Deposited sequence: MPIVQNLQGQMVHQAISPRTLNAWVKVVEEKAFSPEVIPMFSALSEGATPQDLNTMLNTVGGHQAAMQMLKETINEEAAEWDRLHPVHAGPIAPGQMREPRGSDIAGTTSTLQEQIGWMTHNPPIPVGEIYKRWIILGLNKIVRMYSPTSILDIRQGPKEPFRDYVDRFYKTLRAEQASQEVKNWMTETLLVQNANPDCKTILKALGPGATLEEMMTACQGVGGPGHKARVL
């Protein structure tokens, strides 16, 4: 992060050991379940590109996913270099990624007037690569999520919406999926109950109606 010194200078605060250990635990245990991305975004609040790189470098497992993340960051940096032709100096994509910029340049940009928020720009490129990884690490298609003959509709709904969150289709497609597949893939009892509610039923109405099945 960045902190104001008692002398009034813009100063780096290192990402704490407990914040790094929390991130390492999250990536190691949750293995790109979708909640990894909100947790990354929360653990990297106000992070410089050096802090973001520290988080990504400290991941020991999943090195294929980290290579896909690096490839995404590189094509996002190249796209920035395309969209922002070269003339504080203006940062190149490699400067935003923190490969060709010093920590002092990063803080110089992030505290400029107006700020050039290279930490947030880079964090967008990271999250945009984690999106692809979470989508790929999703173990099932939403079309594969079907309710068991004796499975509670609540457990099926949990599986369905966790899969829908990982697959991360557009909202119009998620709307079609929750309207159509969630009913269609329910077991015959629940499917019978749910059709009786009509197409306008909310998820709370559906889960209430199926709560005893």
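No alpha-carbon coordinates exist for the deposited sequence positions 1, 89-96, 223-232, given here in order along the chain.
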